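Here you get one chain, nothing else, as structure tokens; it is the form deposited in one PDB entry.
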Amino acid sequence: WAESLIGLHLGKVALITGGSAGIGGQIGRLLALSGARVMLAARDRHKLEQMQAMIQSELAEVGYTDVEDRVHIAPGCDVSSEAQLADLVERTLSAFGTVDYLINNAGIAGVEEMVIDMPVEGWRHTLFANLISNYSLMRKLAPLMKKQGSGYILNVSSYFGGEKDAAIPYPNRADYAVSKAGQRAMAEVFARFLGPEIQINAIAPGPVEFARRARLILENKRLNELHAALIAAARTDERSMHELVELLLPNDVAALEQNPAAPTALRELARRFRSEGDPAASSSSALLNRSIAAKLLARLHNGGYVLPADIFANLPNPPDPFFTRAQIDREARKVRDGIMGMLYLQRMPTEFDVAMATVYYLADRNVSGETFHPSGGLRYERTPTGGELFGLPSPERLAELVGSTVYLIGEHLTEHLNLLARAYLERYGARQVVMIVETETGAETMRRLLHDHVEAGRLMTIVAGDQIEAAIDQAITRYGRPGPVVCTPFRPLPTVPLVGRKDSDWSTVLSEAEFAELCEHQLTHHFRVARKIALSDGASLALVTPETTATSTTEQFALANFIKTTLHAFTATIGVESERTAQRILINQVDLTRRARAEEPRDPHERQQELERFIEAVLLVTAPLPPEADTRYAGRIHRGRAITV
């Protein structure tokens, strides 16, 4: 079975991160059998040593000599650490000289929470481990590849990272999905810079060869249902959220349902806990447990709701089991049957099979910027991205903007922010616009542009710096919770080179730190705002990408399209998350980036048309749905989409 493989990559040097197990281990095994010298990097020393010994044993079985020189390991390598990535490259260049194949395989599952339960630092960590690490290794190895005239970078992404012009929602995995899409987008936009010497592609395998995941799902469901009913009750009830949460403290499902003074939202919820509940489960008679209550408390605190930290100190603890074994097993089969039902071929691919297809694929010298699917045949929802043909929203949705509180977030795009503030205030009857900027200089700029609305008290300015959540809390406390929110980036895109000339040191090329800062300002910025605004009961949120113009540098076009593709994964995922958990908020994306310079406006007239389209796109995605119109069918259409100005 190795006969097809032996010799296929003879003389190549490959670095495989995450090379101690999984796909990465098999790719390293097969690359070495095909004749390549391989450096396997991983965290655990012991498993890496076992993988090394197994591969060297196999190489010797098929006739290779000096097998210890063909398989090296780099234990203790945490790819989230820029310092350790540098160490990894130095160790690999020392062992083998120039790397021919960089296999960016290492990946962590990430936080595995809904965005609104996802710590910001946890999100950052996934980006560092899964995405920024890929750029960092390319930035260190591509100069040697280009000097020698050939190289290959392979980013091991995922089917759930999406595809060209389509995003795949991965609920409870937004950090993972963004990092997987960014891996693909990196290949797509760097291919033209890295060519002709260097190929860069991604692979996007689907699922490859449990009661605890099911219990967590059921616990998360209970959390979401309580949070959603509380949030909803609080926007119409006269009682504070504090007083609403006290209704849960007897922790008695029947008593809440039967309480004539409880909000309908909570009474109807308790009714369905009793109806849909397993009578042998204490979750059918008790509202929550202490674990769910702490997580619910964190959601409410994080959304600026005011209530004491010990409000659940005396919560009566429900007797075990909170969910019955039958409920957990039923959900576990629901998850299993769901993954199996994805497969057209009704069979799970193995890691070995997937690595084999990848190693063959690596021999192809005519592909760059592609995403190869070594396994596939998947039935799954996808969200097409990039509609340009759109009109204004309906009068009924536009009517919901009258009297609303608008938050606008930005700094660099002053003309866009000024036109948007004036549209909401002058055309659609918004009560107030809270302008949330990064710096004092940005605040003063907006205050001068909007001086008429500032002097009338319709335009408030807040300076956020890098503390956008605290700024939003200021806005909640002083001006009220937002209806529509528009989130634009604070920073422009950098203009440094993305590759260096063949004979240079690459000293001016986009650094690893600058790429991480790109992600901070152009991806994490939007994640933080979406997380905070969803927790704070915002009605709608438009995530706006950087602007490209007819004069943007070719490098800005690349980074802009990288961000646009990567953010689509976030927008699709949180859109479905919000829909599936009965959250009201409409989250969508407005793209100011285009693929090609020739598509941009060329004269003042076309520029006016473009700014008009920008206003219409934001209104289309931010005008709230009247509650009667928010059917299952219309709900999906107005969540998690992206349109291009």
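Only the largest set of C-alpha atoms that superpose within 1.5 Å between the two forms is called the rigid core. Residue numbers here begin at 1 and follow the sequence given.
Beyond what is shown, the protein has a form deposited in another entry; the following relates to that form.
Following superposition on the rigid core between this form and the one not shown, the residue from 117, 331, 100, 438 with a C-alpha displacement of 2 angstroms or more is 331, and no other.
Annotation for residue 67: C-alpha shift under 2 angstroms between this form and the one not shown, rigid core superposed. The Cα shift for residue 246 between this form and the one not shown, taken after rigid core superposition, is 2 angstroms or larger. Relative to the superposed core, residue 502 undergoes a Cα shift smaller than 2 Å between this form and the one not shown.
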